[PDB]
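Heads up: the structure comes next, in structure tokens.
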Amino acid sequence: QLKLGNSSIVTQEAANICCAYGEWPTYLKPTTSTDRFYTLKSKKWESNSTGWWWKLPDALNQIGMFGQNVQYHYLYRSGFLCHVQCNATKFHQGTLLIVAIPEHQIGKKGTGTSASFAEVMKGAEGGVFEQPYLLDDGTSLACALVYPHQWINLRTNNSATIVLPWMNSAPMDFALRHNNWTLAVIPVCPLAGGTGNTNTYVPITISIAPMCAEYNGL
Amino acid sequence: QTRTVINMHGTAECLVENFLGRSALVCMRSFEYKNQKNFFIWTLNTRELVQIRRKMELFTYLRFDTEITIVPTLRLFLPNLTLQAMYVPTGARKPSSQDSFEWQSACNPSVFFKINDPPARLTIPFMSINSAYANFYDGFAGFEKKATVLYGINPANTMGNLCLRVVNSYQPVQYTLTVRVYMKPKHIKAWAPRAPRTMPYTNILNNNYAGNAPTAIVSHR
Amino acid sequence: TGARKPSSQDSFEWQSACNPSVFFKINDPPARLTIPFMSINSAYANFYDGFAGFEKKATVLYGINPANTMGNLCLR
Amino acid sequence: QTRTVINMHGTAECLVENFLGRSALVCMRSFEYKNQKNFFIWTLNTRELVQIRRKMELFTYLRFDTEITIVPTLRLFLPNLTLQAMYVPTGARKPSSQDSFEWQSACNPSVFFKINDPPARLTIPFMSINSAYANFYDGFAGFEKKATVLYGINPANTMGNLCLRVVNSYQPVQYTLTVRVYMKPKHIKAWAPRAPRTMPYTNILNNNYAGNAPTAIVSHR
Amino acid sequence: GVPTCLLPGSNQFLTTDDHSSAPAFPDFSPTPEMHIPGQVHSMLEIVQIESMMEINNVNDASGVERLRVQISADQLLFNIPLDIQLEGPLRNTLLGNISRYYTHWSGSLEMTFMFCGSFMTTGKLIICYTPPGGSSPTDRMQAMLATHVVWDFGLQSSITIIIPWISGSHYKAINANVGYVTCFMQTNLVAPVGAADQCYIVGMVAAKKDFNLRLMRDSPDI
Amino acid sequence: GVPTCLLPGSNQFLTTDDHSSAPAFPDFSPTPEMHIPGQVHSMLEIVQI
Amino acid sequence: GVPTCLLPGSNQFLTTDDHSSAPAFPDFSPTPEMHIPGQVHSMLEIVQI
Amino acid sequence: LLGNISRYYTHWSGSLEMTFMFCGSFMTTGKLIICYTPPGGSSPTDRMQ
């Protein structure tokens, strides 16, 4: 039962919580009770789904005291603890690949113009892959394992944990229009809980905790 | 169908420094001269040539010092013309024309050479505001919620511009001068390697893929 | 060895970021390169009592070690 | 409308030596040659180019050793003509014409180069009688209460003159030779910084301001 | 003064020379660097990172469907050549993409097969490795003789097979051939009334610390 | 005699190069300097004012 | 800077010169060598046969 | 001096000190509220802000 600040979340950790590139997040004039777990809206993992993605600073611009500080303060610097729970019975099957892409430049298909502020900055709602196979990046899903990756296998491994440090080429950056990380949950193998489709949902639960958070300018 | 018995070697060849860090022909612009314009302007970016663009886009962040080597070439329809290569950093007005006041500056570094001389070199140090070049940027240059501000362009990532002027532009002969630019990174430090790209390119300002098909990379068996 | 040869003078292979090259002019001293010991095999074999391929066909030439190739030089 | 997170640096860039002390194109004189005159005469002063003039006028007193680099340029309507750059110190008669006895002197230093050769350099040491150059002078050159003596000209501040002669002046071809002069101070020591100037210039001999208006510098809100 | 002599190869532009050219900015200090996470010193460190492979690279497979092999209701399941330039399963992998920048390569591999079925479902596969030269197996009897592992879903979720050091080069053009890896249905696929009859297997490949890339060349991918 | 090799970027005029060029006056002594008040070493000292 | 003087016989190609020319591959390692039997150091060893 | 010197430099960063001097009589008295709004925040319009 994990708990940061006031909020708590019940976990099912059974293996070492791997830190992204083995660096535990830390903060180093700038600087405090907003370091708490935010559980995003549950997402339906249908058999015909493609894949979801949340931009963490974008995802937390409007959520509680963290959102209030980001709207008030001109800068930020924050690590992210991402907990993903695919909730299903022993009967269900499939594989979720959780990839924390650094600087995931969204790429439209068969257009000249780039993605606008609307298509990129979903916020708390999160986005959906048009082409999961190409990560909407020109890359391959086969090559997506270079990034901090984990597997939710509906057999054995029913939850994933990612610990993202401050990945940016500046000590601090802006949350309003920059996205250091992109947490992408992609179904590698389609959900096949063949119970006559009594409940095809098998919803995914995302929980983001901004750790070692500091800001500049009150 | 093969005869390969490869003995074990060292890791010298597979260094990032030896991979990214060597000269590559990025710019091959030509200019006619006949009976005011046709000066050389070039934005410093690794995205112009597809091969080096993919090789650089293998990594997220990387620092280097850039050796820019300019090779002149004269193509008459050889006189030893004087060439001036001026490296204008970001935030300085670009030369409006060949006969522009910006050339006669006391702040913009430049080199004077001639055709018969060895090709010119400059080493521009790690120039960006940001503590490392970002090949990809999941943000916006400005704060305006308008199409005027382009997506995925860090304005700190600009390395400045290089402007070459043929001082002896007005000559008795009609010809073409072709400038070759060679870019060589030095002391390369790389962080957060990216997934190698598969599909072709559209433009330097954007990462759109058109399409080895977009639904299948490998030629199906 | 194992790189596509320049198809013509105006070929993309010249504008490569992987093939080493030298730029000189006529009045300049003659150009030099020092290609290190380049073969896969730990020494050049002047004679080879074998075959390049496995096919029992005239397509595969006799007494040619494909590791012995030192590469090609292309002047433009 | 901006993305600026600038990390703390050293004070190397903001040194006075690195500010004033680097090459600047001060003189760009041209000379026709066709079917006795059109020799190059230039007074050594920092006041010819407005940008470097303001940058120098930021300080009252300053000592330096001057690197003068001459870049030749031939413009035919290229033959390797011989150029002689003679540095005549203050108090020596100036070359009356191209074919003048002053060129054949045993006291005036000079350099012999040609067009295809690298551009010529001299380093004239700190040359003034006075122990430092004064950009501003609140006095008179002479004692006469007459308009003949100019106001605010220290006659010790003169660095001497540079005279370039094209030895191969008489040639079968009609052309133009353009001389570029680059001035680079060295070991700069500055004293008593002045208020930065705002308004434009009229002449090198005087500090008159004509007029961003003379009653208001900043464009009014 | 001091004598000097312009050797042949002087006044030439070697495109791979390394010398300290005259600095454009003499006393300028670049922006100080700090600890950016995920430091990499060589591409040999990149190939260490495992990557997913297109085992099901048939024309009927479109998009992510190419990355998973179907298994459901004792026939051959899949075959994979170890050639990393024969536009096989290995082409898309970090191994393939990085190695196609190098003409000469040699080293051992580790292949991880992960099962994507239900918790209740159980079965057996036989995964055999055929060294180079030997014809790829066609029947269980050939598979049961070669260096193989009996992978069980019931006990072990994902299996790892270490392929000993292999080599190949493109260098006339006759290409190259290296050993195969094959999977045969040891038993039926046991699934209760709840779990779906269909199941998927996903492939993963990485290079051990013994891998080496020697001669750098341009990749013909683009 | 001693070998030497003219590297690329030789016989070029870098406008920001720093080298000890041949002295116009070899043994001439500049006018000795004395303590002029108001010494400044950097523009970062000027902005302090 | 440092003076130098181009001696006669400079800018010539001696066909029997021996100097360390600029390496085509700067940090490339050639294939390691092992003990090949029948080492020969001179043709004076060949005539012994 | 800050503006004039800094306009010679593209990249700049550092803290400032602003001195406000009153030019009224000795007898005259009053109060002002001087507020600093960090970057991004809209400039204040009322005493409460």
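Numbering starts fresh at 1 for the residues of each chain in the structure tokens, the chains themselves are lettered A, B, ... in the order given, and ligands are numbered from 1 as they appear.
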Write out as JSON, numbers by chain all residues of chain D that DSSP puts in strand (DSSP E or B) for this structure's backbone. {"D": [15, 24, 25, 26, 27, 30, 31, 32, 33, 40, 41, 42, 43, 59, 60, 61, 62, 63, 64, 65, 66, 67, 68, 69, 70, 71, 74, 75, 76, 82, 83, 84, 85, 86, 87, 88, 110, 111, 112, 113, 114, 120, 121, 122, 123, 124, 133, 134, 140, 151, 161, 162, 163, 164, 165, 166, 175, 176, 177, 178, 180, 181, 182, 183, 184, 185, 186, 187, 188, 189, 190, 191, 192, 193, 203, 206, 213, 216]}
Write out the residues from the selection above, keeping C-alpha atoms, as a CSV table (one decimal), in the first residue's frame.
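After the write, selection-v7.csv holds the following:
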```
chain,number,residue,atom,x,y,z
D,15,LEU,CA,36.7,40.8,-20.7
D,24,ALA,CA,37.3,44.8,-37.6
D,25,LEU,CA,37.1,46.0,-41.2
D,26,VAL,CA,37.8,49.8,-40.9
D,27,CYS,CA,38.8,50.7,-44.5
D,30,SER,CA,38.9,51.0,-54.1
D,31,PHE,CA,41.2,52.2,-57.0
D,32,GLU,CA,40.6,52.1,-60.8
D,33,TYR,CA,43.5,51.3,-63.1
D,40,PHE,CA,46.2,54.1,-51.0
D,41,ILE,CA,46.5,56.6,-48.1
D,42,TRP,CA,44.7,55.9,-44.7
D,43,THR,CA,44.9,57.7,-41.3
D,59,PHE,CA,36.2,54.2,-22.4
D,60,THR,CA,38.3,57.4,-21.9
D,61,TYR,CA,41.9,56.1,-22.0
D,62,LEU,CA,43.1,52.8,-23.4
D,63,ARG,CA,46.5,51.3,-24.5
D,64,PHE,CA,46.9,48.6,-27.2
D,65,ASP,CA,49.3,47.2,-29.9
D,66,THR,CA,47.5,47.4,-33.3
D,67,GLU,CA,47.5,44.4,-35.7
D,68,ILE,CA,46.8,45.9,-39.2
D,69,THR,CA,45.9,43.1,-41.7
D,70,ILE,CA,45.7,44.2,-45.4
D,71,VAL,CA,43.5,41.9,-47.6
D,74,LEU,CA,41.5,42.3,-57.9
D,75,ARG,CA,38.4,43.1,-60.0
D,76,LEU,CA,39.1,42.8,-63.8
D,82,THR,CA,53.1,43.1,-56.2
D,83,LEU,CA,51.6,45.3,-53.3
D,84,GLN,CA,53.8,47.3,-50.8
D,85,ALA,CA,52.1,48.5,-47.6
D,86,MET,CA,54.3,51.2,-45.9
D,87,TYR,CA,53.5,52.3,-42.3
D,88,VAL,CA,54.7,56.0,-42.2
D,110,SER,CA,56.9,48.4,-45.1
D,111,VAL,CA,55.7,44.9,-46.3
D,112,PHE,CA,56.0,43.4,-49.9
D,113,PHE,CA,53.3,40.7,-50.7
D,114,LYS,CA,51.2,39.6,-53.8
D,120,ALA,CA,49.7,40.9,-45.0
D,121,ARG,CA,49.9,41.7,-41.3
D,122,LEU,CA,51.9,44.3,-39.3
D,123,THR,CA,51.8,44.8,-35.4
D,124,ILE,CA,52.4,48.5,-34.7
D,133,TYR,CA,45.1,57.0,-26.3
D,134,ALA,CA,42.4,59.5,-25.4
D,140,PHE,CA,43.3,72.3,-28.3
D,151,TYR,CA,38.9,71.7,-31.0
D,161,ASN,CA,49.4,56.6,-41.7
D,162,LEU,CA,49.4,53.5,-43.8
D,163,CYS,CA,50.1,53.9,-47.6
D,164,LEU,CA,49.6,50.9,-50.0
D,165,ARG,CA,51.1,51.1,-53.5
D,166,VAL,CA,50.4,48.6,-56.4
D,175,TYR,CA,40.7,46.7,-63.5
D,176,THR,CA,40.0,47.9,-60.0
D,177,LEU,CA,42.0,46.9,-56.8
D,178,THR,CA,40.1,47.2,-53.5
D,180,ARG,CA,40.5,45.9,-47.0
D,181,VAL,CA,42.1,47.0,-43.7
D,182,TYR,CA,41.4,45.0,-40.5
D,183,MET,CA,42.4,46.6,-37.1
D,184,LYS,CA,42.9,44.3,-34.0
D,185,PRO,CA,44.0,45.8,-30.7
D,186,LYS,CA,46.1,43.6,-28.4
D,187,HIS,CA,46.9,43.8,-24.6
D,188,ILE,CA,44.1,46.4,-24.2
D,189,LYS,CA,44.2,48.4,-20.9
D,190,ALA,CA,41.2,50.7,-20.3
D,191,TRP,CA,40.6,53.5,-17.8
D,192,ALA,CA,37.6,55.9,-17.0
D,193,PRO,CA,34.6,54.3,-18.8
D,203,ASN,CA,32.3,63.5,-38.9
D,206,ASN,CA,33.9,66.3,-34.2
D,213,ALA,CA,14.8,62.0,-31.4
D,216,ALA,CA,13.6,61.4,-26.6
```
Near chain B, which residues of chain C fall within 6 Å when you count only C-alpha atoms, and what do they look like as a PyMOL selection string? chain C and resi 15+17+53-54
From the list A:93, A:207, A:69, A:198, the nearest residue to residue 174 of chain A using only C-alpha atoms is A:69
Provide as a PyMOL selection string the residues of chain E at most 7 Å from chain B, counting only C-alpha atoms. chain E and resi 11-12+15-16+21-24+30-33+36-44+57-59+62-63+87+97+106+167-169+174-177+212-214+222
Keeping only C-alpha atoms, take the residues you just selected and write them out as a compact mmCIF listing (two decimals), in the first residue's frame.
```
# COMPACT_ATOMS: atom_id res chain seq x y z
CA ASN E 11 47.65 20.86 -49.26
CA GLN E 12 45.01 18.03 -49.41
CA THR E 15 37.71 13.85 -45.00
CA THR E 16 38.64 11.72 -41.89
CA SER E 21 41.55 23.85 -36.21
CA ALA E 22 41.75 27.61 -35.31
CA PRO E 23 38.93 28.51 -32.85
CA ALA E 24 36.13 30.79 -34.24
CA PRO E 30 30.48 26.82 -23.72
CA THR E 31 27.41 26.33 -21.43
CA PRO E 32 28.54 24.14 -18.47
CA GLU E 33 27.31 20.48 -18.74
CA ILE E 36 21.90 14.12 -18.06
CA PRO E 37 20.54 10.60 -17.25
CA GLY E 38 21.13 7.64 -19.64
CA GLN E 39 24.84 8.16 -20.56
CA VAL E 40 26.04 6.01 -23.54
CA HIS E 41 29.75 5.63 -24.53
CA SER E 42 29.43 3.07 -27.43
CA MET E 43 26.81 1.46 -29.75
CA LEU E 44 27.99 -1.92 -28.30
CA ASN E 57 6.50 -11.36 -41.06
CA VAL E 58 3.96 -12.96 -43.52
CA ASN E 59 2.04 -10.70 -46.00
CA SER E 62 -0.22 -5.92 -41.13
CA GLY E 63 1.11 -3.50 -38.44
CA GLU E 87 15.63 -8.82 -44.41
CA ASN E 97 19.56 -1.50 -37.44
CA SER E 106 30.66 -11.16 -34.85
CA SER E 167 29.50 -14.04 -37.82
CA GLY E 168 28.59 -12.80 -41.34
CA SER E 169 29.63 -10.18 -43.97
CA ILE E 174 26.83 -13.97 -52.96
CA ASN E 175 25.45 -12.55 -49.60
CA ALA E 176 25.77 -14.91 -46.53
CA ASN E 177 24.01 -17.65 -44.45
CA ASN E 212 31.68 -6.63 -31.90
CA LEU E 213 31.15 -4.24 -34.88
CA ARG E 214 34.32 -3.41 -36.89
CA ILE E 222 17.39 5.28 -46.49
```
Produce a table with one row for each residue of chain E that has an atom at most 9 Å from any atom of chain A, each row naming the nearest atom pair and its distance in Å at one decimal; use only C-alpha atoms; arrange rows by chain and rising residue number; format as CSV.
```
residue,atom,partner,partner_atom,distance
E:33,CA,A:169,CA,8.5
E:34,CA,A:171,CA,8.0
E:36,CA,A:167,CA,6.5
E:37,CA,A:167,CA,6.3
E:38,CA,A:21,CA,5.2
E:39,CA,A:21,CA,8.4
E:46,CA,A:146,CA,7.7
E:49,CA,A:146,CA,6.2
E:50,CA,A:145,CA,6.7
E:51,CA,A:145,CA,5.7
E:52,CA,A:142,CA,4.5
E:53,CA,A:142,CA,6.0
E:54,CA,A:142,CA,7.5
E:63,CA,A:133,CA,5.3
E:64,CA,A:133,CA,4.9
E:65,CA,A:189,CA,7.9
E:67,CA,A:142,CA,7.4
E:68,CA,A:189,CA,6.9
E:92,CA,A:142,CA,6.5
E:93,CA,A:143,CA,6.0
E:94,CA,A:143,CA,6.1
E:115,CA,A:153,CA,8.4
E:116,CA,A:94,CA,5.2
E:117,CA,A:93,CA,5.0
E:118,CA,A:93,CA,4.3
E:119,CA,A:155,CA,4.6
E:120,CA,A:91,CA,6.7
E:121,CA,A:91,CA,8.7
E:157,CA,A:156,CA,7.4
E:192,CA,A:91,CA,8.5
E:193,CA,A:195,CA,8.1
E:194,CA,A:195,CA,5.4
E:195,CA,A:91,CA,4.9
E:196,CA,A:194,CA,4.7
E:197,CA,A:194,CA,8.2
E:198,CA,A:192,CA,7.7
E:199,CA,A:93,CA,8.0
E:200,CA,A:189,CA,6.5
E:201,CA,A:189,CA,8.5
E:202,CA,A:189,CA,8.3
E:204,CA,A:142,CA,8.8
```
Counting only C-alpha atoms, collect the residues of chain G whose closest atom lies at most 12 Å from chain F, and write them out as a ChimeraX atom specification. /G:1-12,17-22
With chain D held fixed, move chain B onto it by a least-squares fit of all C-alpha atoms in order and give the output as a CSV table (one decimal) with C-alpha atoms, in the first residue's frame.
```csv
chain,number,residue,atom,x,y,z
B,1,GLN,CA,7.1,33.9,-26.7
B,2,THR,CA,10.6,32.7,-25.5
B,3,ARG,CA,12.3,29.6,-24.0
B,4,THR,CA,15.4,30.8,-22.0
B,5,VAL,CA,17.0,28.9,-19.1
B,6,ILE,CA,20.6,30.2,-19.2
B,7,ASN,CA,23.0,28.4,-16.8
B,8,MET,CA,25.7,30.5,-14.9
B,9,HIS,CA,29.0,30.9,-16.9
B,10,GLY,CA,32.5,32.4,-16.3
B,11,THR,CA,33.6,36.1,-17.0
B,12,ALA,CA,36.0,35.2,-20.0
B,13,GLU,CA,33.6,36.5,-22.7
B,14,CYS,CA,32.9,39.9,-20.9
B,15,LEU,CA,36.7,40.8,-20.7
B,16,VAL,CA,37.6,44.3,-22.1
B,17,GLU,CA,40.6,42.5,-24.0
B,18,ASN,CA,38.0,40.2,-25.7
B,19,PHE,CA,35.5,43.1,-26.3
B,20,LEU,CA,37.7,45.7,-28.0
B,21,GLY,CA,40.6,43.4,-29.0
B,22,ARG,CA,39.5,41.6,-32.3
B,23,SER,CA,39.8,42.3,-36.0
B,24,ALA,CA,37.3,44.8,-37.6
B,25,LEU,CA,37.1,46.0,-41.2
B,26,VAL,CA,37.8,49.8,-40.9
B,27,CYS,CA,38.8,50.7,-44.5
B,28,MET,CA,37.3,49.4,-47.9
B,29,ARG,CA,39.0,51.9,-50.4
B,30,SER,CA,38.9,51.0,-54.1
B,31,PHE,CA,41.2,52.2,-57.0
B,32,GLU,CA,40.6,52.1,-60.8
B,33,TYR,CA,43.5,51.3,-63.1
B,34,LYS,CA,43.1,52.1,-66.9
B,35,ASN,CA,44.9,53.8,-69.9
B,36,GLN,CA,50.3,58.7,-61.3
B,37,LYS,CA,47.4,58.7,-58.7
B,38,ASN,CA,45.0,56.2,-57.1
B,39,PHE,CA,47.5,55.2,-54.4
B,40,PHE,CA,46.2,54.1,-51.0
B,41,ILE,CA,46.5,56.6,-48.1
B,42,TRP,CA,44.7,55.9,-44.7
B,43,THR,CA,44.9,57.7,-41.3
B,44,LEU,CA,45.0,55.1,-38.4
B,45,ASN,CA,41.9,55.9,-36.3
B,46,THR,CA,39.1,53.8,-34.6
B,47,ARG,CA,36.5,56.6,-35.6
B,48,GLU,CA,36.0,55.6,-39.3
B,49,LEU,CA,33.5,52.7,-38.5
B,50,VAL,CA,30.5,53.8,-36.3
B,51,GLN,CA,30.1,50.4,-34.4
B,52,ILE,CA,33.9,50.1,-33.4
B,53,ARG,CA,33.9,53.9,-32.8
B,54,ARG,CA,31.1,53.6,-30.2
B,55,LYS,CA,32.7,50.4,-28.7
B,56,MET,CA,36.0,52.3,-28.3
B,57,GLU,CA,34.3,55.5,-27.0
B,58,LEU,CA,32.8,53.5,-24.1
B,59,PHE,CA,36.2,54.2,-22.4
B,60,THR,CA,38.3,57.4,-21.9
B,61,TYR,CA,41.9,56.1,-22.0
B,62,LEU,CA,43.1,52.8,-23.4
B,63,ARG,CA,46.5,51.3,-24.5
B,64,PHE,CA,46.9,48.6,-27.2
B,65,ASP,CA,49.3,47.2,-29.9
B,66,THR,CA,47.5,47.4,-33.3
B,67,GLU,CA,47.5,44.4,-35.7
B,68,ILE,CA,46.8,45.9,-39.2
B,69,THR,CA,45.9,43.1,-41.7
B,70,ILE,CA,45.7,44.2,-45.4
B,71,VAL,CA,43.5,41.9,-47.6
B,72,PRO,CA,44.0,42.6,-51.4
B,73,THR,CA,41.3,42.1,-54.0
B,74,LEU,CA,41.5,42.3,-57.9
B,75,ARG,CA,38.4,43.1,-60.0
B,76,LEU,CA,39.1,42.8,-63.8
B,77,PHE,CA,37.0,44.4,-66.5
B,78,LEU,CA,44.0,36.9,-62.0
B,79,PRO,CA,47.5,38.4,-62.5
B,80,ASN,CA,49.7,38.3,-59.3
B,81,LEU,CA,50.5,42.0,-58.9
B,82,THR,CA,53.1,43.1,-56.2
B,83,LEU,CA,51.6,45.3,-53.3
B,84,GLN,CA,53.8,47.3,-50.9
B,85,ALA,CA,52.1,48.5,-47.6
B,86,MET,CA,54.3,51.2,-45.9
B,87,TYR,CA,53.5,52.3,-42.3
B,88,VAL,CA,54.7,56.0,-42.2
B,89,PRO,CA,54.8,57.2,-38.5
B,90,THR,CA,53.5,60.7,-37.5
B,91,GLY,CA,55.9,63.6,-38.5
B,92,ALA,CA,57.0,62.0,-41.9
B,93,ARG,CA,56.0,63.6,-45.3
B,94,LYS,CA,53.2,61.5,-46.9
B,95,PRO,CA,53.9,59.9,-50.4
B,96,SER,CA,53.1,62.8,-52.8
B,97,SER,CA,52.2,60.3,-55.6
B,98,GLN,CA,52.7,56.5,-56.5
B,99,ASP,CA,56.1,57.2,-58.1
B,100,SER,CA,57.4,59.1,-54.9
B,101,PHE,CA,60.9,59.1,-53.2
B,102,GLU,CA,59.1,58.4,-49.8
B,103,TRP,CA,58.6,54.7,-50.9
B,104,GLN,CA,62.4,54.3,-51.4
B,105,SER,CA,63.1,55.2,-47.7
B,106,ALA,CA,65.5,53.5,-45.3
B,107,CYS,CA,63.4,54.6,-42.2
B,108,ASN,CA,59.7,53.9,-43.0
B,109,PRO,CA,58.8,50.2,-42.3
B,110,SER,CA,56.9,48.4,-45.1
B,111,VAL,CA,55.7,44.9,-46.3
B,112,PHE,CA,56.0,43.4,-49.9
B,113,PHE,CA,53.3,40.7,-50.7
B,114,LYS,CA,51.2,39.6,-53.8
B,115,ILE,CA,47.5,38.9,-54.4
B,116,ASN,CA,47.7,35.0,-54.4
B,117,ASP,CA,49.8,35.2,-51.1
B,118,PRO,CA,48.0,35.3,-47.7
B,119,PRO,CA,46.8,38.7,-46.5
B,120,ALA,CA,49.7,40.9,-45.0
B,121,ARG,CA,49.9,41.7,-41.3
B,122,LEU,CA,51.9,44.3,-39.3
B,123,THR,CA,51.8,44.8,-35.4
B,124,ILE,CA,52.4,48.5,-34.7
B,125,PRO,CA,53.3,48.8,-31.0
B,126,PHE,CA,51.6,51.4,-28.7
B,127,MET,CA,52.8,54.4,-30.7
B,128,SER,CA,51.5,57.6,-29.1
B,129,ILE,CA,53.7,60.2,-27.2
B,130,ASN,CA,51.0,60.2,-24.5
B,131,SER,CA,51.0,57.2,-22.1
B,132,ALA,CA,47.5,56.2,-23.4
B,133,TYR,CA,45.1,57.0,-26.3
B,134,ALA,CA,42.4,59.5,-25.4
B,135,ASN,CA,39.1,59.0,-27.4
B,136,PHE,CA,37.9,62.4,-26.0
B,137,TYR,CA,40.1,65.5,-25.4
B,138,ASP,CA,38.8,68.7,-23.7
B,139,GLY,CA,41.7,70.9,-25.1
B,140,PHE,CA,43.3,72.3,-28.3
B,141,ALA,CA,46.2,71.0,-30.5
B,142,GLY,CA,47.9,74.5,-30.8
B,143,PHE,CA,48.1,77.7,-28.6
B,144,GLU,CA,46.6,80.1,-31.2
B,145,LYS,CA,43.1,81.6,-30.3
B,146,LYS,CA,42.1,81.0,-34.0
B,147,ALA,CA,39.7,78.6,-35.9
B,148,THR,CA,42.9,77.2,-37.6
B,149,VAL,CA,43.5,75.1,-34.5
B,150,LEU,CA,40.7,72.4,-34.3
B,151,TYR,CA,38.9,71.7,-31.0
B,152,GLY,CA,39.3,68.2,-29.3
B,153,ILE,CA,42.2,66.8,-31.3
B,154,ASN,CA,45.3,65.6,-29.3
B,155,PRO,CA,48.1,65.6,-31.8
B,156,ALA,CA,49.9,62.8,-29.8
B,157,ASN,CA,46.9,60.5,-30.4
B,158,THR,CA,47.8,60.1,-34.1
B,159,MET,CA,48.9,56.5,-34.8
B,160,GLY,CA,50.6,57.5,-38.1
B,161,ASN,CA,49.4,56.6,-41.7
B,162,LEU,CA,49.4,53.5,-43.8
B,163,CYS,CA,50.1,53.9,-47.6
B,164,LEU,CA,49.6,50.9,-50.0
B,165,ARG,CA,51.1,51.1,-53.5
B,166,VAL,CA,50.4,48.6,-56.4
B,167,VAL,CA,54.0,48.2,-57.7
B,168,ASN,CA,52.6,46.6,-60.9
B,169,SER,CA,50.2,49.6,-61.5
B,170,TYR,CA,50.9,49.8,-65.3
B,171,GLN,CA,49.5,46.5,-66.6
B,172,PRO,CA,47.9,45.4,-70.0
B,173,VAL,CA,44.4,45.0,-68.3
B,174,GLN,CA,41.9,47.7,-67.1
B,175,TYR,CA,40.7,46.7,-63.5
B,176,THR,CA,40.0,47.9,-60.0
B,177,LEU,CA,42.0,46.9,-56.8
B,178,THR,CA,40.1,47.2,-53.5
B,179,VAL,CA,42.2,47.2,-50.3
B,180,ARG,CA,40.5,45.9,-47.0
B,181,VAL,CA,42.1,47.0,-43.7
B,182,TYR,CA,41.4,45.0,-40.5
B,183,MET,CA,42.4,46.6,-37.1
B,184,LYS,CA,42.9,44.3,-34.0
B,185,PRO,CA,44.0,45.8,-30.7
B,186,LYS,CA,46.1,43.6,-28.4
B,187,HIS,CA,46.9,43.8,-24.6
B,188,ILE,CA,44.1,46.4,-24.2
B,189,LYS,CA,44.2,48.4,-20.9
B,190,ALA,CA,41.2,50.7,-20.3
B,191,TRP,CA,40.6,53.5,-17.8
B,192,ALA,CA,37.6,55.9,-17.0
B,193,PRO,CA,34.6,54.3,-18.8
B,194,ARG,CA,32.4,56.9,-20.6
B,195,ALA,CA,28.6,57.1,-20.9
B,196,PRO,CA,27.5,55.0,-24.1
B,197,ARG,CA,26.6,57.3,-27.0
B,198,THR,CA,23.0,57.2,-28.4
B,199,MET,CA,22.7,59.7,-31.4
B,200,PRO,CA,24.3,59.2,-34.8
B,201,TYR,CA,27.6,60.8,-36.2
B,202,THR,CA,28.5,63.6,-38.6
B,203,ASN,CA,32.3,63.5,-38.9
B,204,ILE,CA,35.5,61.8,-37.4
B,205,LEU,CA,37.0,65.2,-36.3
B,206,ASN,CA,33.9,66.3,-34.2
B,207,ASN,CA,31.2,64.8,-31.8
B,208,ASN,CA,28.2,66.9,-33.1
B,209,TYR,CA,24.8,65.0,-32.8
B,210,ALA,CA,22.0,65.7,-35.4
B,211,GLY,CA,19.4,63.1,-34.3
B,212,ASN,CA,14.8,58.1,-31.7
B,213,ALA,CA,14.8,62.0,-31.4
B,214,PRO,CA,17.3,64.3,-29.6
B,215,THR,CA,14.4,65.1,-27.1
B,216,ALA,CA,13.6,61.4,-26.6
B,217,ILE,CA,15.9,58.3,-27.2
B,218,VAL,CA,13.5,55.4,-26.5
B,219,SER,CA,10.5,55.1,-28.9
B,220,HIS,CA,7.7,56.6,-26.6
B,221,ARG,CA,5.0,54.1,-25.4
```
Per-residue nearest contacts chain G to chain C, cut-off 6 Å, using only C-alpha atoms, as CSV:
```
residue,atom,partner,partner_atom,distance
G:11,CA,C:29,CA,5.8
G:23,CA,C:34,CA,5.4
G:24,CA,C:35,CA,5.7
G:30,CA,C:37,CA,5.6
G:31,CA,C:42,CA,5.8
G:33,CA,C:42,CA,5.7
```
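Atom CA of residue 65 of chain A is found 11.7 Å from atom CA of residue 37 of chain A.
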Could you please select, counting only C-alpha atoms, the residues of chain G within 7 Å of chain B and state them as a PyMOL selection string? chain G and resi 27-29+31-32
Residues near residue 189 of chain E, anyone? I mean within 7 Å using only C-alpha atoms, not counting same-chain ones fewer than 5 positions away, as a ChimeraX atom specification. /E:72-73,122-123
